[PDB]
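A.B. asks: Sharing a structure with you now.
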Amino acid sequence: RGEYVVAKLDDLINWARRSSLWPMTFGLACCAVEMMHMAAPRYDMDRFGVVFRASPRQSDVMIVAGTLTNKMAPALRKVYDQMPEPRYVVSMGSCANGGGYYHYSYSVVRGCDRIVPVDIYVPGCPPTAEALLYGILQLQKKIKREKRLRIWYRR
Amino acid sequence: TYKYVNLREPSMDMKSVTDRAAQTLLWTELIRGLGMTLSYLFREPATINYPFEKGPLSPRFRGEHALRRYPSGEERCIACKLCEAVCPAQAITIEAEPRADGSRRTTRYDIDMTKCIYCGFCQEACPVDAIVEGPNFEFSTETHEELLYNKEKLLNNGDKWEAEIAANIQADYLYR
Amino acid sequence: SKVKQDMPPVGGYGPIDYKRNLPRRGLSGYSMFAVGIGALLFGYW
Amino acid sequence: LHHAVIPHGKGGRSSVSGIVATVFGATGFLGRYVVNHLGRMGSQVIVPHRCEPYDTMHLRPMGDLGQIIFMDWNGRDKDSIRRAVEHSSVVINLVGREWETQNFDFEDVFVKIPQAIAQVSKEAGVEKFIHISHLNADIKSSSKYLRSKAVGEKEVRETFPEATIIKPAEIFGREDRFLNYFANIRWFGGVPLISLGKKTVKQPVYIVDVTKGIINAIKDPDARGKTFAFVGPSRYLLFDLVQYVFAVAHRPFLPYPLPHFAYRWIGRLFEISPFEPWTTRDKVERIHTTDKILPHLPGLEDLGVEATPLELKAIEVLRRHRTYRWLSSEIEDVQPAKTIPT
Amino acid sequence: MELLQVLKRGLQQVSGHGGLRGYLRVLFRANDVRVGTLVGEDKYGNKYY
Amino acid sequence: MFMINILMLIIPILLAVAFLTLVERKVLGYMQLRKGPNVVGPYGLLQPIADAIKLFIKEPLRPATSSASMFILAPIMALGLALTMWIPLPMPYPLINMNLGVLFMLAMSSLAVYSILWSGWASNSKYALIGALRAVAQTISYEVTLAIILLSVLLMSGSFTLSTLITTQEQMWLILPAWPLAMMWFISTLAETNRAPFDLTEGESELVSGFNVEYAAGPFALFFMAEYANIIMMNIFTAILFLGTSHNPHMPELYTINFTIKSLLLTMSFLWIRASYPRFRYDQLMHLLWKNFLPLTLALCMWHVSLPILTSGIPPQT
Ligand SMILES: NC(=O)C1=CN([C@@H]2O[C@H](COP(=O)(O)OP(=O)(O)OC[C@H]3O[C@@H](n4cnc5c(N)ncnc54)[C@H](OP(=O)(O)O)[C@@H]3O)[C@@H](O)[C@H]2O)C=CC1
Ligand code: SF4
Ligand code: SF4
Ligand code: SF4
């Protein structure tokens, strides 16, 4: 069956993408501190292939870490739109998830998923660096289940 | 008291002058920096082997919420609404009515885990040790709707983590 | 029983270093130049 | 429509519009606007998808928490259709392709699938149903696309007499294959046109108007069992319309006449693509097929929607196609195209 | 000579995992080929060191 | 059999460039108390393969404000010239035995600068332009000094031929007679190859990504490959100039072993330095060479024209 061969090309491209995730240098609030601690020696995200890059065009994942305000909302969407596809978004913490401690404020977007599509939600205020690393390792499992080439074949 | 940090005058004798000149020309002070990094190359890193190795925690950790039961199996929560009245983020929603046997119990008990600030006040305000924060910190979801916990989800957590919640409360209740 | 609390040892904790400590290293200025110039002369020869 | 299907709120994201909608083909060009409007007013939208879940992420910000629901469906599977429509008060069908893949012909996608969707909807007691046909659809066409569109328009009426068939003309928008198609011909130097486009007339309609027309059908009980022809306000000769496209994009326009028979041979060449073919023999037929004039069918105006002029909303599509030299050009810089008066 | 002991502790890791096939199973699954004192096991097949 | 030789040169070079990314990440990792890549394949050996595939199946995008023709030429011009610097390198036999090989490498190095100027200019972004003009400034700093340092060394080799540097050093390394020039040559290669503390054109902390902020997917990969091919190539150049290996015609393999080891250590020093120092400021990088290196380089150039004459040590012309 020819469907087998594409099912083995999907594994290759899926492996290359989850093995080489490149987050954008994008933090907003206290949660971004715990994102530094995931780069610190104890957890060393770089040993999973995760490498921060400043340029949006050289990034694969946006990690929304902190509160999103109405003044900052247009800026977040722009840098997301400037990420080449395939692109993924991780929502870290409670401010980025559903407004957190400031849900009822006037200058805060209630949830970063109103502005961008989100893949993984990481709960906590802040989520421990180990909790975030669980989120990233869960995002890799979601990329390992993609069947782009097995869906194109059956079209 | 106080102390000056950058108030010095170099010695101008010839030997001290030549030491500074030799340092400038031969980059001696730039090579101590290379020594410091070289020592770290031959040290052992502080990295752990996640997820096969976990970072240490303590009995006081504040992770995922749960609702507990008595050893009989009756629910601890008696719908007093103190956890709701103290939640800084207004993340808890509660309704109650007299049960079939006339017990003060809840019909609704929701926690919005995307509004919670994981502050622990709810378990401080509970007079019967019903609402606690388990030690679980690995419950990342894939949809925003999965983080809105209802009484069924929270009661399930208690029955899932009870073996460990009781051990942590036993090892910590004397400080509370 | 008596009161048990997180307290220090009876004699207190030992000393704790806190001042800067950057040891002096290396040969003086004159010696470093002699070896520098000395190597050239051999290299030229 | 019991107590749980009564509207509440003021028609916002968090309001309850009392609409439960199943949208088939919601990941297409027209799908993302129907879903956008339904979620804006607070509607429980079910979105059965065939593609990878990643290809539906853009639809997630369009609805409140728990409002947009995704299901894995198959066109040829009768059970998956029922699992997705059994709770809907309206089913909107948007399934379609511009080419025949190795697994689906125009009869598969415009006859067999729409009929199956309509059949199961009636078996599930769905109150409303909407089918998107084509304006130029007719049995005696030279294009399998429009011929199959004519059979489907007839099967749906038989299966679901109370359906609201809609017959849009060519739709233009940001992600269209109508204005982006012509603008992309520049890659090949000239702009071949059968008869040089002097004997073809088009009456394109704007994407948002079709959407606002669809939503008005759902809420308007008078549209039940009727057929509509959504169309723009002005008719343009194909030559004058394509000349306008290259005018707005500020690209050199070099039209040359290419015979109809030779054009098909080129259309045969591009079809060898195992991916989205750039052009197809069938697409050439549709491009040069004069838009009908159906003065008996109701149109947009009967649904309260004002047709949007192509000139007003053409710059937003084509500004992407200009070079840096001309990005900052304004809307007024190009005189409008010549129209065919009634 | 300590330096020879380093090699021996390296080889005792091959024999500590039950052979070469066991050595490679833990190298690839866990990216760590150390040997620990089995504390115990649970009902799901997890081993604790 | 010549086309086979070219493939036997460029293909290994790309592989070395790919795994230099792993080495840098794993070396900087341990100097930083981390472990670097160790999850993707045993000890990370598959990490470069994952990155290379990820880049080339990503979406490249040409900005709306770009200049198309130049925007695509720059990465092609970058990588092509990076592989061109290798053809005349004696190891111990060069692919192309150029009589004026030292001049040829000087000229190609200058030409390779315009792949930075045109990429930053064609991007049509302000951070891309700021980085482009930090390369104009950076070249104005080292180009004159670097040329004169080579001249000073060649006054003891006798000719511009690269293979003659081997003959010159058959009795002793050139680092001994010329250690002051090696010190200034090593810093010049740091600045020329745009490396920390002299990696100013890219300047992540100040210009996000510098001249290549708008480049993604494969086009970005070509810049990344070109940059590391220069890092290896210049340290191979340094080993030949100052640490010349001995050549045995009957066992040319032994040369390639000693030659490769010296080029590795010189390459590890580049990673070692990048993990030890802050970044210069691009105006200070200019005053470092014009006011410290240039005065001393001119003096040593005179000293190396007179030293052979006053000692009767002029080398043969051929
Ligand atoms: N110029 C125009 O756009 C015109 C539009 N129409 C009609 O509107 C309808 C949709 O509009 P449009 O956006 O242009 O079409 P698109 O090509 O943009 O999208 C087609 C949609 O239908 C789905 N689809 C196609 N085949 C199948 C299949 N076998 N199984 C499941 N889903 C399928 C696709 O799902 P997926 O891709 O995710 O697999 C996709 O969501 C079509 O019927 C079209 O004929 C009528 C007049 C003019
Ligand atoms: S979620 Fe918590 S840690 Fe993150 S920004 Fe909000 S309050 Fe700070
Ligand atoms: S931990 Fe704090 S914020 Fe969270 S539910 Fe309890 S009281 Fe509310
Ligand atoms: S404080 Fe405790 S007993 Fe009172 S409502 Fe909350 S969980 Fe129930």
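Going by the structure tokens order, chains are called A, B, ..., each with residues numbered from 1, while ligands are numbered from 1 in the order shown.
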Write out as a short mmCIF file (atom, residue, chain, number, x, y, z; two decimals) with N, CA and C atoms, in the first residue's frame the set of residues from stretch 1-171 of chain B that DSSP, computed on the backbone, places in alpha helix (DSSP H).
C.D. replies:
```
data_model
loop_
_atom_site.label_atom_id
_atom_site.label_comp_id
_atom_site.auth_asym_id
_atom_site.auth_seq_id
_atom_site.Cartn_x
_atom_site.Cartn_y
_atom_site.Cartn_z
N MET B 14 57.53 52.23 39.40
CA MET B 14 57.81 51.64 38.10
C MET B 14 57.31 50.20 38.02
N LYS B 15 57.53 49.40 39.06
CA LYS B 15 57.10 48.01 39.00
C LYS B 15 55.59 47.89 38.90
N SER B 16 54.86 48.69 39.67
CA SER B 16 53.40 48.65 39.58
C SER B 16 52.94 49.18 38.23
N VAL B 17 53.62 50.19 37.70
CA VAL B 17 53.28 50.69 36.37
C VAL B 17 53.50 49.61 35.32
N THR B 18 54.63 48.91 35.40
CA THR B 18 54.93 47.90 34.40
C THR B 18 53.98 46.71 34.49
N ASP B 19 53.51 46.39 35.69
CA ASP B 19 52.52 45.32 35.82
C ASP B 19 51.25 45.67 35.06
N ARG B 20 50.80 46.92 35.17
CA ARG B 20 49.62 47.33 34.42
C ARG B 20 49.89 47.35 32.92
N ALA B 21 51.08 47.79 32.52
CA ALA B 21 51.44 47.77 31.11
C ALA B 21 51.48 46.35 30.58
N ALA B 22 52.08 45.43 31.33
CA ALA B 22 52.15 44.04 30.89
C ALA B 22 50.76 43.43 30.81
N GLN B 23 49.89 43.77 31.76
CA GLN B 23 48.51 43.30 31.71
C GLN B 23 47.80 43.82 30.48
N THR B 24 47.98 45.10 30.16
CA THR B 24 47.33 45.68 28.99
C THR B 24 47.79 44.99 27.71
N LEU B 25 49.10 44.85 27.54
CA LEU B 25 49.64 44.36 26.28
C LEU B 25 49.47 42.85 26.14
N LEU B 26 49.62 42.10 27.22
CA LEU B 26 49.57 40.65 27.17
C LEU B 26 48.20 40.09 27.53
N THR B 28 46.56 39.77 30.21
CA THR B 28 46.58 38.83 31.33
C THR B 28 45.23 38.77 32.02
N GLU B 29 44.61 39.93 32.25
CA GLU B 29 43.34 39.95 32.97
C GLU B 29 42.19 39.40 32.13
N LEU B 30 42.34 39.35 30.81
CA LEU B 30 41.36 38.68 29.97
C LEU B 30 41.52 37.17 29.97
N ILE B 31 42.62 36.66 30.52
CA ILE B 31 42.87 35.23 30.55
C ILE B 31 42.43 34.61 31.87
N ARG B 32 42.27 35.40 32.92
CA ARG B 32 41.59 34.90 34.11
C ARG B 32 40.15 34.54 33.80
N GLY B 33 39.49 35.35 32.98
CA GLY B 33 38.14 35.02 32.55
C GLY B 33 38.08 33.70 31.82
N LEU B 34 39.08 33.43 30.98
CA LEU B 34 39.13 32.14 30.29
C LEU B 34 39.43 31.01 31.26
N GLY B 35 40.16 31.29 32.33
CA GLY B 35 40.36 30.27 33.35
C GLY B 35 39.07 29.93 34.07
N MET B 36 38.26 30.94 34.37
CA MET B 36 37.03 30.70 35.13
C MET B 36 36.07 29.81 34.35
N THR B 37 35.88 30.09 33.05
CA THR B 37 35.01 29.26 32.24
C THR B 37 35.59 27.87 32.03
N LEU B 38 36.91 27.75 31.98
CA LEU B 38 37.52 26.45 31.79
C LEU B 38 37.27 25.54 32.99
N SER B 39 37.24 26.11 34.19
CA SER B 39 36.94 25.29 35.36
C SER B 39 35.53 24.73 35.27
N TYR B 40 34.59 25.54 34.80
CA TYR B 40 33.21 25.06 34.66
C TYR B 40 33.08 23.98 33.61
N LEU B 41 33.93 23.98 32.59
CA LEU B 41 33.86 22.92 31.60
C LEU B 41 34.08 21.56 32.25
N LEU B 82 -17.07 29.90 52.72
CA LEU B 82 -15.94 30.73 53.16
C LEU B 82 -14.84 30.75 52.11
N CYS B 83 -14.58 29.63 51.45
CA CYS B 83 -13.60 29.61 50.38
C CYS B 83 -14.01 30.55 49.26
N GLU B 84 -15.31 30.60 48.96
CA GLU B 84 -15.79 31.51 47.93
C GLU B 84 -15.64 32.96 48.37
N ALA B 85 -15.90 33.25 49.64
CA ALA B 85 -15.88 34.62 50.13
C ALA B 85 -14.47 35.17 50.28
N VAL B 86 -13.44 34.33 50.22
CA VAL B 86 -12.06 34.79 50.39
C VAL B 86 -11.25 34.67 49.12
N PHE B 121 -5.60 30.41 49.80
CA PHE B 121 -6.49 30.96 50.82
C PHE B 121 -7.71 30.08 51.02
N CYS B 122 -8.18 29.42 49.97
CA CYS B 122 -9.39 28.61 50.10
C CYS B 122 -9.21 27.51 51.13
N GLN B 123 -8.04 26.88 51.17
CA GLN B 123 -7.82 25.83 52.15
C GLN B 123 -7.50 26.38 53.53
N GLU B 124 -7.02 27.62 53.62
CA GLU B 124 -6.86 28.24 54.93
C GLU B 124 -8.21 28.58 55.53
N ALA B 125 -9.18 28.95 54.70
CA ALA B 125 -10.48 29.39 55.18
C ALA B 125 -11.45 28.24 55.38
N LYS B 151 -17.70 20.25 40.34
CA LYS B 151 -17.65 19.42 41.53
C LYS B 151 -17.29 17.98 41.21
N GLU B 152 -17.72 17.47 40.06
CA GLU B 152 -17.36 16.11 39.68
C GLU B 152 -15.86 15.99 39.44
N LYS B 153 -15.29 16.95 38.71
CA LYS B 153 -13.86 16.92 38.43
C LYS B 153 -13.05 17.06 39.70
N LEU B 154 -13.49 17.91 40.62
CA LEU B 154 -12.74 18.12 41.85
C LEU B 154 -12.88 16.93 42.79
N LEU B 155 -14.08 16.36 42.90
CA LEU B 155 -14.25 15.16 43.70
C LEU B 155 -13.44 14.01 43.13
N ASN B 156 -13.35 13.91 41.80
CA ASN B 156 -12.51 12.89 41.20
C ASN B 156 -11.06 13.09 41.59
N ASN B 157 -10.59 14.33 41.62
CA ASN B 157 -9.20 14.59 42.00
C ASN B 157 -8.93 14.11 43.42
N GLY B 158 -9.83 14.41 44.35
CA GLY B 158 -9.62 13.98 45.72
C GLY B 158 -9.47 12.48 45.81
N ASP B 159 -10.36 11.74 45.15
CA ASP B 159 -10.27 10.29 45.13
C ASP B 159 -9.05 9.80 44.37
N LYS B 160 -8.47 10.63 43.51
CA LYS B 160 -7.29 10.24 42.76
C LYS B 160 -6.01 10.48 43.56
N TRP B 161 -5.95 11.58 44.30
CA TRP B 161 -4.75 11.98 45.03
C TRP B 161 -4.90 11.85 46.54
N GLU B 162 -5.95 11.19 47.02
CA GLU B 162 -6.19 11.19 48.46
C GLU B 162 -5.03 10.55 49.20
N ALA B 163 -4.49 9.45 48.67
CA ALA B 163 -3.42 8.76 49.36
C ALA B 163 -2.26 9.69 49.68
N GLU B 164 -2.01 10.67 48.82
CA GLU B 164 -0.90 11.60 49.02
C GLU B 164 -1.31 12.87 49.75
N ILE B 165 -2.54 13.34 49.54
CA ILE B 165 -2.99 14.54 50.25
C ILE B 165 -2.97 14.31 51.75
N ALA B 166 -3.45 13.15 52.19
CA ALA B 166 -3.50 12.86 53.61
C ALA B 166 -2.11 12.84 54.21
N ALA B 167 -1.14 12.29 53.49
CA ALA B 167 0.23 12.23 54.00
C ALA B 167 0.82 13.63 54.16
N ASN B 168 0.52 14.54 53.23
CA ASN B 168 1.07 15.88 53.32
C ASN B 168 0.39 16.69 54.42
N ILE B 169 -0.91 16.51 54.61
CA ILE B 169 -1.60 17.21 55.69
C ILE B 169 -1.13 16.69 57.04
N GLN B 170 -0.87 15.38 57.13
CA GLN B 170 -0.36 14.83 58.38
C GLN B 170 1.00 15.42 58.72
#
```
A.B. asks: Specify as a list in words all residues of chain A found within 7 Å of chain B, counting only C-alpha atoms.
C.D. replies: residues 41, 42, 43, 44, 94, 97, 98, 99, 100, 101, 103, 119, 120, 121, 122, 123, 124, 125, 131, 134 and 135 of chain A
A.B. asks: Using only C-alpha atoms and all ligand atoms, find each protein or nucleic acid residue lying at most 7 Å from ligand 1; present the set as number ranges by chain.
C.D. replies: D: 24-31, 49-51, 74-75, 94-98, 104, 109, 132-135, 167-172, 176-178
A.B. asks: Rounded to one decimal place, report the atom CA of residue D:68-atom CA of residue D:40 distance in Å.
C.D. replies: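 Atom CA of residue D:68 sits 11.3 Å away from atom CA of residue D:40.
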A.B. asks: Just want the 7 Å neighbourhood of residue F:204, counted on only C-alpha atoms, with same-chain residues fewer than 5 positions away dropped. Output as number ranges by chain.
C.D. replies: A: 54; F: 209-210
A.B. asks: In Å, rounded to a single decimal, give me how far atom CA of residue D:336 is from atom CA of residue D:289.
C.D. replies: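 Result for atom CA of residue D:289 versus atom CA of residue D:336: 22.8 Å, one decimal.
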A.B. asks: Atom CA of residue D:311 and atom CA of residue D:245, how far apart in Å?
C.D. replies: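 So the answer is 10.0 Å.
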A.B. asks: Please report as a ChimeraX atom specification which residues of chain F come no farther than 12 Å from chain D, using only C-alpha atoms.
C.D. replies: /F:62-68,122-124
